[PDB]
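To start, the structure itself, in structure tokens.
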Amino acid sequence: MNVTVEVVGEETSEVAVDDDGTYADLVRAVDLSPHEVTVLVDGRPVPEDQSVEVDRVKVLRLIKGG
């Protein structure tokens, strides 16, 4: 299950996460990510403090530094 992420400059796309625990997670676990995008944490320093199957994050089409 992919999560709906707001892309800056680009339309809205879905990204596959591990927290979801879906079939996609198994594939990604073997280094088979098709989206290969970075996820941002909304006003959150450590997601470990939260507990949810899915989460909303921001994806960057092109990073500035890394």
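By convention here, the chains of the structure tokens are called A, B, ... in the order presented, each chain's residues are numbered starting at 1, and ligands are numbered starting at 1 in the order presented.
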
- [ ] Do a neighbour search on range 20-28 of chain A at 12 Å with only C-alpha atoms, toss out local chain neighbours closer than 6 positions, and write the hits as an MDAnalysis selection string.
- [x] chainID A and resid 1:3 34:36 51:56

Could you give me, as a short mmCIF file (atom, residue, chain, number, x, y, z; two decimals) with C-alpha atoms, in the first residue's frame, the residues within 12 Å of residue 43 in chain A, counting only C-alpha atoms and dropping anything in the same chain fewer than 2 positions from it?
```
data_model
loop_
_atom_site.label_atom_id
_atom_site.label_comp_id
_atom_site.auth_asym_id
_atom_site.auth_seq_id
_atom_site.Cartn_x
_atom_site.Cartn_y
_atom_site.Cartn_z
CA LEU A 40 9.70 13.97 4.86
CA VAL A 41 8.30 13.93 8.39
CA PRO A 45 11.82 14.85 14.58
CA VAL A 46 11.44 11.15 15.47
CA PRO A 47 8.56 9.10 13.93
CA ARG A 56 1.74 11.31 5.21
CA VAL A 57 5.15 12.52 4.03
CA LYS A 58 6.65 14.89 1.44
#
```

Open item on the list: To one decimal place in Å, what is the distance between CA of residue 38 in chain A and CA of residue 15 in chain A?
Closed with: 9.3 Å

Task: Distance criterion (only C-alpha atoms): nearest to residue 62 in chain A out of A:16, A:31, A:7, A:48 - done: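 For residue 62 in chain A, the nearest of the candidates is A:7.
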
Open item on the list: DSSP on the backbone, helix (DSSP H, G or I) only: what residues of chain A does that give? Format it as a list in words.
Closed with: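 After running DSSP on the backbone, chain A has helix (DSSP H, G or I) at residues 23, 24, 25, 26, 27, 28, 29, 47, 48 and 49 of chain A.
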
Include C-alpha atoms and write out the residues we just selected as a short mmCIF file (atom, residue, chain, number, x, y, z; two decimals), in the first residue's frame.
```cif
data_model
loop_
_atom_site.label_atom_id
_atom_site.label_comp_id
_atom_site.auth_asym_id
_atom_site.auth_seq_id
_atom_site.Cartn_x
_atom_site.Cartn_y
_atom_site.Cartn_z
CA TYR A 23 3.09 -6.95 0.14
CA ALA A 24 4.94 -3.92 -1.29
CA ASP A 25 7.06 -3.84 1.88
CA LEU A 26 8.37 -7.35 1.14
CA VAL A 27 9.47 -6.31 -2.36
CA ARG A 28 11.09 -3.06 -1.18
CA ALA A 29 12.88 -4.99 1.59
CA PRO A 47 8.56 9.10 13.93
CA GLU A 48 9.39 6.40 16.52
CA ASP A 49 7.21 8.40 18.96
#
```

- [ ] Find the distance between CA of residue 65 in chain A and CA of residue 11 in chain A and write it in Å to one decimal.
- [x]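 The value is 22.4 Å.
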
Open item on the list: To one decimal place in Å, what is the distance between CA of residue 12 in chain A and CA of residue 42 in chain A?
Closed with: 16.3 Å

Task: Residue among A:19, A:44, A:30, A:37 lying closest to residue 60 in chain A, counting only C-alpha atoms - done: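 Among the listed residues, the smallest separation from residue 60 in chain A belongs to A:37.
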